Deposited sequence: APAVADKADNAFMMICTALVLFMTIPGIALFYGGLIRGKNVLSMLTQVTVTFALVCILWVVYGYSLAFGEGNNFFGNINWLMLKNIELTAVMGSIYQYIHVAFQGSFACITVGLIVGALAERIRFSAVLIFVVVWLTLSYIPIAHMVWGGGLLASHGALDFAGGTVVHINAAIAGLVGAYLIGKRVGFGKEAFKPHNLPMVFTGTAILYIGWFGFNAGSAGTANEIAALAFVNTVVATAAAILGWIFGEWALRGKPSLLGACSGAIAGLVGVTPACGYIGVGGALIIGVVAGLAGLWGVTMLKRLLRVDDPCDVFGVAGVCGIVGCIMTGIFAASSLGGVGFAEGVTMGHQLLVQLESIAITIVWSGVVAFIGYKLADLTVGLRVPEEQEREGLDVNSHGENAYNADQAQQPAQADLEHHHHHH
């Protein structure tokens, strides 16, 4: 039988704790220094309450439908409330319960990205309906497709820690949303919690404390550091001087850009990605016109960018861990593009339905 390795258990639970920390309080403090002061308490409440909600839907049926065996698009309902998962059941080289929690913490941050930006302008019970509709019909299926062995996975999509599942996904939900700064120290601190937590997020994605977890970690430093410089140089060049928000934005942009690529590229490629992601993030927001919904522009643009550049940098040629066998780089790219296209369209269509449903149900705009 497969046996759980206590080291990987230890690593993976510390990593889950760090990804939880990205939401609570990481993204909550990031948005809190951005949104209008009079909406902060309300945003923090909404991010907390929906974080809880997500933890519960995950245990009730979320995990089972994303990770259970099913079809190309969703799993099954045989793990309602973690039924039939023996306590000692092993997944990979860790106990499955730890996989449940690790994966759950990703659902949480994804939702956090959206709720934090939209708390301001959305009626609460509308946010809840929304979270439910979209976590279920979008986050799960896509999780299932990329990581649950569905459509995208079996065509060989490469997304080490959730370019598509987390970022592009949430950026689309957020932008469909949008379609319908007071404390910078606070923003810095949240960016800081995010970055530090993003090590569980990227490294923990290896599922073990091995040399890929190691590669992922070091690429996480390289990319963020490079996206920071690249944002800064660009801000310095366009605006005459760097800025604190420009620096944090830079960091976030490298973190997002490296997310799908961290476990497959050379630190070489990490630093090319960080530069391009930071430049792209800046260029991105610079175009968004036509707050704090720019986050969706950075998450989305940098997610698109990192997902594409994963299909280049993974090459052995370019210092990467190598493409699947029989897979040319030209081909891996089609596949990265197809996964990006599917994520965008899926999240969008469900986003639209989620909001529309809440609207026709409780009304969207706050009372």
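Missing from the model relative to the deposited sequence are positions 1, 182 to 194, 305 to 309, 387 to 424 (no C-alpha coordinates, numbering from 1).
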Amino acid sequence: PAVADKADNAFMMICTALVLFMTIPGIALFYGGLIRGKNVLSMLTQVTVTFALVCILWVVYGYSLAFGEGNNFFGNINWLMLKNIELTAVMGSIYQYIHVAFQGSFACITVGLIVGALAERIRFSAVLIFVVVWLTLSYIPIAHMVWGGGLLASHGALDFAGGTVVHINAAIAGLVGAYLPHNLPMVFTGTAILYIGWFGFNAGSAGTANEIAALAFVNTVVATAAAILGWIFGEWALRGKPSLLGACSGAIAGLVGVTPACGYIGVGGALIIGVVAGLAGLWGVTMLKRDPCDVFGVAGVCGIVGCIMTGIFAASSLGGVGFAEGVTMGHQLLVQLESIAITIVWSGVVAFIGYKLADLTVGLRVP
From here on, numbers count along this sequence of modelled residues.
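Annotation for 356 to 364 versus 3 to 11: the higher mean temperature factor (C-alpha) is found in 356 to 364. In this crystal structure, the stretch out of 101 to 109 and 72 to 80 whose C-alpha atoms carry the higher mean B factor is 72 to 80.
Reading the B-factor column for the CA atoms of 29, 52, 305, 324 in the entry, the top value corresponds to 305. Comparing the listed residues 267, 171, 288, 196, the entry records the largest Cα B-factor for 288.
When all modelled residues of the chain are sorted by CA temperature factor, residue 284 is found within the highest third. When the modelled residues of the chain are ordered by their C-alpha B factor, residue 292 lands in the highest third.
Residue-level temperature factors show residue 339 in the highest third of its chain, judged at the C-alpha atom. Residue 37: CA B factor in the highest third of modelled residues in this chain (values from the PDB entry). When the modelled residues of the chain are ordered by C-alpha B-factor, residue 17 sits in the highest third.
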